[PDB]
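# chains from the complex, first installment, not repositioned:
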Amino acid sequence: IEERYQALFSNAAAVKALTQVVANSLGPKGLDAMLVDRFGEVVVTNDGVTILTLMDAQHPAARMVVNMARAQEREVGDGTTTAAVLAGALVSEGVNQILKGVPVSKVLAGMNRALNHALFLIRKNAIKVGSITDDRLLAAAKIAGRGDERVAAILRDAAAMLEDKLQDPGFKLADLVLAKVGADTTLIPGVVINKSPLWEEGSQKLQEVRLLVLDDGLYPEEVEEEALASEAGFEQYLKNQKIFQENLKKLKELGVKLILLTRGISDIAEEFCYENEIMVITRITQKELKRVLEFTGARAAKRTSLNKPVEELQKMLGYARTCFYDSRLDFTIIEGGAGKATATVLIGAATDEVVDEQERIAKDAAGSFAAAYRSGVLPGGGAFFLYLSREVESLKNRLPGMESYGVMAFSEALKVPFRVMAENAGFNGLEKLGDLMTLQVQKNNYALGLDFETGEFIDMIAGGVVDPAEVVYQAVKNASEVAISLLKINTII
């Protein structure tokens, strides 16, 4: 039952230890981390929420910041490490002010006012985009993709085929990513079924594919096992074994050349498909189901649906221009669908470790693209944080009293992300920080930032280094929620 100041200590320390760890991954010069499970498994990543999640972090405070990261990821998908470092800074500063005797009440008030002002400036200064072709969107994607231009171009190009889906606040663009070992990273103008067909004789290409999709399995209508002791029961078994074979005949009459199922397939049916040139894939994902349904313009059927007359069934079929089973990667690719258009961002690499990290990078980039398209952009490099820092310090006195301390803490904490990245890039973090602030004021350009390889100060938006607006809004908001939440803590059980 730790209490008093030795609660606030026990907390703050617990957070520092956490943030220190991911601090090394923040930025373009950030380094990776290697994690192993309690009993032998291994991941390597630069992703923040990943690192923070996989260490089983035992202190409650640490677990809370981890949850904050999770939240940040859920909201936008990037800016996790930023949120962590920022949170840590906020907390440490808050503690510092509190130890010097500043009332918690006041620290929290100042921090809140600061927060609201900050978010205000962030929403206000967001520079919005009109296109999807705008180089600022692709730039956002590149920065989030950690410098991969190929991937950024791929995602822009896919989003282009969508856009409408971006209008729904529930469409995660990264859902389009699909990772496959031994693949080559590329854009597929169709959907992928990541499974081998029921019968394979090597790689295979299909053209003018009329397909039938089932959220069922291709079995006859069943008769409960008990009921088979009852003549009529059995006669029903026979009857709908007959109507079943008739239905398969319907399938051939309609010219079906592909069948996808979410369940299994009868032996009789399997034979029918083999003899009549029909390809089958079983056990498809629900996700896969939805996407192929949309793309091919097919309607989802159950076994009973095959009892429709043939004229009514042709209406449930879908169409794809081509369809290709890759014997080397063991999946199937449907392209040229008669329904909505869509894409699959295929991410390839040699080994599991690498394709995993590349998928994470991909999804980061996708989310940040979408986030940019939805919310506009801002100058990256952490500069806009510095703008926010002086603007927040502006508020130091607009309410006089001890809330000032609180405000200062917030301002000072906003200085930290940048400093870290500069330190990560081998520079004198503090020096570059100060210099850049002075310069920002003197040329009045709050978009001036640091080029981390060359070491020269540049114009960030000019340099193609932009962050999505919502990523910053969300990062600051979440980091703030957790830090303020922790600072109000006085006792532990």
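Ah, there it is. Numbers count the residues shown, from 1 in each chain, chains lettered A, B, ... in the order given.
# so what's residue A:204 closest to, chain neighbours aside?
When the adjacent residues along the chain are set aside, residue A:204 lies closest to residue A:325, with 4.5 Å between them (CB to CB, 6 or more residues apart in numbering). Just so you know, the C-beta spots here come from the backbone N, C-alpha and C atoms, and that holds for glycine as well.
# wait, that neighbour touches residue A:203, no?
Yes: using CB atoms under 8 Å, residue A:325 and residue A:203 qualify as a contacting pair, with a distance of 6.2 Å.
# tell me which of those two has more neighbours.
Taking neighbours as other CB atoms under 10 Å, residue A:325 and residue A:203 compare with residue A:325 leading, 22 against 11.
# next, that one: secondary structure please.
Put simply, residue A:325 is strand when judged by DSSP: H, G, I helix; E, B strand; the rest coil.
# got a list of what it touches?
By CB atoms under 8 Å, 6 or more residues apart in numbering, the residues touching residue A:325 are A:196, A:197, A:200, A:203, A:204, A:205, A:279, A:331, A:332, A:333.
# please apply the same query to residue A:372.
Residue A:372 neighbours (CB under 8 Å, 6+ apart): A:129, A:136, A:137, A:140, A:141, A:466, A:468, A:469.
# returning to that earlier point: in JSON lines, list the contacts of residue A:325 along with distance to residue A:11 and secondary structure.
Compiled in JSON lines, the contacts of residue A:325 are given as follows (distance: CB to CB, whole Å; DSSP: H, G, I helix; E, B strand; the rest coil):
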{"residue": "A:196", "distance to residue A:11": "52", "secondary structure": "coil"}
{"residue": "A:197", "distance to residue A:11": "56", "secondary structure": "coil"}
{"residue": "A:200", "distance to residue A:11": "58", "secondary structure": "coil"}
{"residue": "A:203", "distance to residue A:11": "59", "secondary structure": "coil"}
{"residue": "A:204", "distance to residue A:11": "61", "secondary structure": "strand"}
{"residue": "A:205", "distance to residue A:11": "61", "secondary structure": "strand"}
{"residue": "A:279", "distance to residue A:11": "60", "secondary structure": "strand"}
{"residue": "A:331", "distance to residue A:11": "49", "secondary structure": "strand"}
{"residue": "A:332", "distance to residue A:11": "53", "secondary structure": "strand"}
{"residue": "A:333", "distance to residue A:11": "52", "secondary structure": "strand"}
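# put chain B onto that model:
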Amino acid sequence: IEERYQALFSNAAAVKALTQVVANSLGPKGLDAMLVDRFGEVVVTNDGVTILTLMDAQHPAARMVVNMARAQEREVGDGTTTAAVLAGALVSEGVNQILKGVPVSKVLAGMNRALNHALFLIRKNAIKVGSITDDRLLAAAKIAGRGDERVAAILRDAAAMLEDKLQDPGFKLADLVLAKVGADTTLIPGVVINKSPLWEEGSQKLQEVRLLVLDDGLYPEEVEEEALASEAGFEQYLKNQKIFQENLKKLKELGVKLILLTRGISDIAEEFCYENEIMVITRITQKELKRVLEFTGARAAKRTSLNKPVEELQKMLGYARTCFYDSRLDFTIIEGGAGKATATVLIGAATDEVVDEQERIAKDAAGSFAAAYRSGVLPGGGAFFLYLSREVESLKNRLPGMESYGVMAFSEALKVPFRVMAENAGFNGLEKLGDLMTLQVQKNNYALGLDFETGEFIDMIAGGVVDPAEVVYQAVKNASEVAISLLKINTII
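Once chain B is put in with the chains from before, the structure reads:
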């Protein structure tokens, strides 16, 4: 939770320990290794990915390298030991550069640049093949086959019968290999069922074989057990017990003399076959099924398929010129199929251990054959790597900065496989290295290498010592990818 430089050590150390072990297997003068199971089993091999797999690899880094090896094996099937050694070299070199104070970031940048240049040069210089007969294909097969010209001739001859199949990026030539103790290494122009027939009276030869093959078992159409309490149910048990017998008569009328099944056989049928001299094999592999299907031109049937008219059944039969059951080796050989032609590369030896290793060698040779046919060849003996080192060191200058160090590390690392193979062959590795590099430049022949037997420098391509191109590309790509990914690691949990 080890961090900082003392992560980079524990990683690097863990890797050297691994690579050292397989280094002695690299080359034509490389030596073998012996491995034992947790509870009594034994392997002997010169193969890299195998040794690396069977080892107790506990460290995360080592496990990552094993995984890389696995990837290299998946991709091309040869060149694993090379990839391991190269990877290790890259890592140690990188560590050294980082220790003299080069920023990790810069090292990795330089290495990436080097990598890309290397791959470019590798692809550019690939020497293409235009025939399945080219003496360079057989050369590749010989070298990968560790000097065995018998096997190489067999694979050339076998690959020849296909050609149509190699065109599929999913066709593993090595899938043709089959190992049998007490056999003699030979080319079989058919497919083998590695099983004894259901009824054997000693070795037996069949000619003019009309055969029927089933992805089922030869049983009557079943009736669920419960339903038998229901008159109609039983009456149909009877009815399609009669229909089964008449179907067998159909088999006799068609003159079927061989039956292959992936499931079992009813006793009634087994008697039918005994009395009408029809040979039967049960429980065949999926491989065996697909192969015999393609080769005999038969169509796969299920029990229900025997209900067609006799005239219709005659269409799914297949035909083989001859068919021979070997009582000594206890398998069956189908030759002269009316379908596509194919081959079985039979690999024989006295003991389990040896035929296992000879099989590994065979598959390696097949894979390098196919890969040569697909991607061309390059000068082996480790020479082309020296050319690439000489070429990569070039960039040190063409881009200024500290990336140079990184590039140097890459350059210096490509030097290692050769030096290892030379030391393994009992030469002064460093001397031969220097001499050979100097010479390579002076005669401008980027293909001069060391004959590890004679000790004289020869032209490797003229000397018939060639590596498949894709094997080199994949090896460099993979070793690089893993080393770079490990060097970016800064912390371990």
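# once more on the contacts of residue A:372, this time with chain B?
By CB atoms under 8 Å, 6 or more residues apart in numbering or on different chains, the residues touching residue A:372 are A:129, A:136, A:137, A:140, A:141, A:466, A:468, A:469.
# not counting sequence-adjacent ones, nearest residue to the residue in the stretch 251-400 of chain A positioned nearest to chain B?
Relative to chain B, the nearest point of the stretch 251-400 of chain A is residue A:327 (2.7 Å; CB to the nearest CB). Excluding the flanking residues, the one nearest residue A:327 by CB to CB, 6 or more residues apart in numbering or on different chains is residue B:170, at 2.7 Å.
# which stretches of the stretch 351-493 of chain A form strands?
Using DSSP state E, counting those that start in this stretch, the strands of the stretch 351-493 of chain A run over A:377-379, A:448-450, A:457-459, A:466-468.
# which one of those lies closest to residue B:240?
Closest to residue B:240 of those, according to CB to CB: strand A:466-468, at 67.4 Å.
# that closest one pairs with which strands, parallel or anti?
Here strand A:466-468 has these sheet partners by DSSP bridges: strand A:377-379 (antiparallel).
# got the phi and psi for the residue of the stretch 251-400 of chain A closest to chain B?
Dihedral angles of residue A:327 (phi, psi; degrees, to the nearest 10) stand at phi -70, psi -20.
# what residues does residue A:357 make contact with?
Listed by CB under 8 Å, 6+ apart, the contact set of residue A:357 reads A:44, A:45, A:46, A:47, B:485.
# how close does it get to residue A:31?
For residue A:357, the distance to residue A:31 equals 13 Å [CB to CB, to the nearest Å].
# what do those two both touch?
Each of residue A:46 lies in contact with both residue A:357 and residue A:31 under the rule CB under 8 Å, 6+ apart.
# if we can go back for a sec, redo the strands of the stretch 351-493 of chain A as TSV? Include mean neighbour count and distance to residue A:252.
Below are those laid out as TSV (neighbours: other CB atoms under 10 Å in any protein chain shown; distance: least, CB to CB, whole Å):
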stretch	mean neighbour count	distance to residue A:252
strand A:377-379	27	55
strand A:448-450	25	65
strand A:457-459	16	66
strand A:466-468	30	52
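# what's the closest of the ones you listed to residue B:375?
Using CB to CB, those put strand A:466-468 closest to residue B:375, at 41.2 Å.
# what about that closest one, distance to the chain center?
Computed by CA atoms, centre = their mean, to the nearest Å, the chain-centroid distance of strand A:466-468 equals 16 Å.
# include chain C too:
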Amino acid sequence: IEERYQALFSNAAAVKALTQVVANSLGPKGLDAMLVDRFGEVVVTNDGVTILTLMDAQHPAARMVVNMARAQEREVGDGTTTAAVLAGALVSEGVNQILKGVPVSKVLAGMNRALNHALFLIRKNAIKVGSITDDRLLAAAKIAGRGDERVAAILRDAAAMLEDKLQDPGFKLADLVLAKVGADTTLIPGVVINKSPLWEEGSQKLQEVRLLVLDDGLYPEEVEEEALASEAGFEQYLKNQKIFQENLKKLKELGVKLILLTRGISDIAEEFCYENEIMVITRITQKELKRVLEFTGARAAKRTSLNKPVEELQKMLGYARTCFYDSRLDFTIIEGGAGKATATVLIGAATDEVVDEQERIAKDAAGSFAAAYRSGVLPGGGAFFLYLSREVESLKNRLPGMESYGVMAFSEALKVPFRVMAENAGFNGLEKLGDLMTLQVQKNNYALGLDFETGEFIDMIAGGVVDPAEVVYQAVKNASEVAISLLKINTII
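Adding chain C to the chains above:
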């Protein structure tokens, strides 16, 4: 029984771990280290040989480098950390060359030639001093004193009172240092007895002190306890109790006002001294004895010496102008002695920890002063090492063959001390290293070094930053002896 390469590893690693630790203490921006004994004791220091000595370092290699440091300290007293870092560099480089396949023989040869050339250049380029007043001597003292100018001035000033003693290769100037808690650091133109007198009535000052010094105790000539059973024995006891009291009377007649003893004092004598105004100090060090003997011009006596006639005794007395017992610090100070002149460099601080570290600094400075006075000076900052580095790399080919590698290693290792200090000063170590080397060649001034606070390149000798020549000679020589000694190692038991 570790053997082969895994001896050379086990060694090299063991050394790295050691050197890393003291590397942080090297330089003007070096930081301190805290050590605790197996059972609760504590030291804080920047001294190298101290840090290295106090960790109980378990690996044989580590223990050897520690011994090397000890040696360096014995020889000159400064340059310990330099020697350690240099040794480490030499070893790591040597290992690197050896792993690439360079014959140990050759590495060692190259390193030796390099060593001899280096020492040659060091002896050749030593810039000698003529004075003792030369600002280059005081500069040497300041640099060694870690920037304390007060102390440097003190030591120069004392050495001035000696100089003759410096002519003997056996006089350690640092022997003049005396550390006292609660004292004030100052030069005393006399000698100090660090003990309280036999009888104290508070602080006390004596003038015109005629003193008697005894390497004995003031007791009568003894009679063995057995002998006291023998009349004549006892009569001898009486007799030389009588002649003893007479001798004390001689002591008063001669006007003795102070007596120093290395042993004890009789009760009768103690009374005699109390009643006749005579101060006594008992149990003085041998060191203290020698110094006060020299300074006061007294001759050492034993009890029997008091049997001389008075006229002959006056000849054994010594004289001091003044003599002062400080009741606050509890020691005694003799000044204005009629013998040789001498000094006591009194080092004061508040606490044990601090006065200890300050004594270490003092002795460092004293030794480096003396070393400068005896052997001349060189440009510090590690620059002269860089001169030596290019000069050593000069030798790379003057013998062609693989010794070249060895030579290079030596050269490259000489680059390391500087780099470390630059890294310690928060700079980019590698960058500053390279820049400075280029500049050194371009302005041809091999005395150009780095100002570690300002960050600008300056002329070192001009900047007052000089090392004693012998400190460098010794550092390089010793570091080399141990590194070469370790590299010849192939097996461990």
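# can you check the contacts of residue A:357 again with chain C included?
Contact analysis of residue A:357 by CB under 8 Å, 6+ apart lists A:44, A:45, A:46, A:47, B:485.
# wait, residue A:387 touches residue A:440, no?
Yes: with contacts defined as CB under 8 Å, residue A:387 counts as touching residue A:440 at a distance of 6.8 Å.
# who has more neighbours out of those two?
residue A:387 (23 against 20; other CB atoms under 10 Å in any protein chain shown).
# show me what contacts the residue nearest to the more buried one when sequence neighbours are not counted?
In this structure, residue A:387 finds its nearest non-sequential neighbour in residue A:446, 3.9 Å apart by CB to CB, 6+ apart. Residues in contact with residue A:446 (CB under 8 Å, 6+ apart) are A:125, A:379, A:383, A:384, A:386, A:387, A:440.
# with residue A:122 instead?
With contacts defined as CB under 8 Å, 6+ apart, residue A:122 is in contact with A:378, A:384, A:388, A:469, A:472, A:473, A:476.
# for those, pick the one with the most neighbours.
residue A:472 (30 neighbours).
# now distance to chain C too, for the contacts of residue A:122, in a markdown table please.
Output for the contacts of residue A:122, formatted as a markdown table (distance: CB to the nearest CB, whole Å):
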| residue | distance to chain C |
| --- | --- |
| A:378 | 31 |
| A:384 | 28 |
| A:388 | 28 |
| A:469 | 35 |
| A:472 | 31 |
| A:473 | 36 |
| A:476 | 31 |
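# inside helices: which ones of those?
Those of those mapping onto helices are A:384, A:388, A:469, A:472, A:473, A:476, per DSSP state H.
# any idea how far the fifth one lies from residue A:367?
Using CB to CB, residue A:473 is found at 14 Å from residue A:367.
# get me the contact residues on the stretch 201-350 of chain A for chain B.
Contact residues, the stretch 201-350 of chain A versus chain B (CB under 8 Å from any CB of the partner chain): A:201-203, A:225-226, A:228-231, A:233-235, A:237-238, A:267-268, A:270-271, A:274-275, A:326-328, A:349-350.
# which among the residues you listed count as buried?
Buried members of these, counted by 16 or more other CB atoms under 10 Å in any protein chain shown: A:203, A:228, A:230, A:233-234, A:237, A:268, A:270-271, A:274, A:326-328, A:349-350.
# among those residues, which are located in helices?
A:233, A:234, A:237, A:268, A:270, A:271, A:274.
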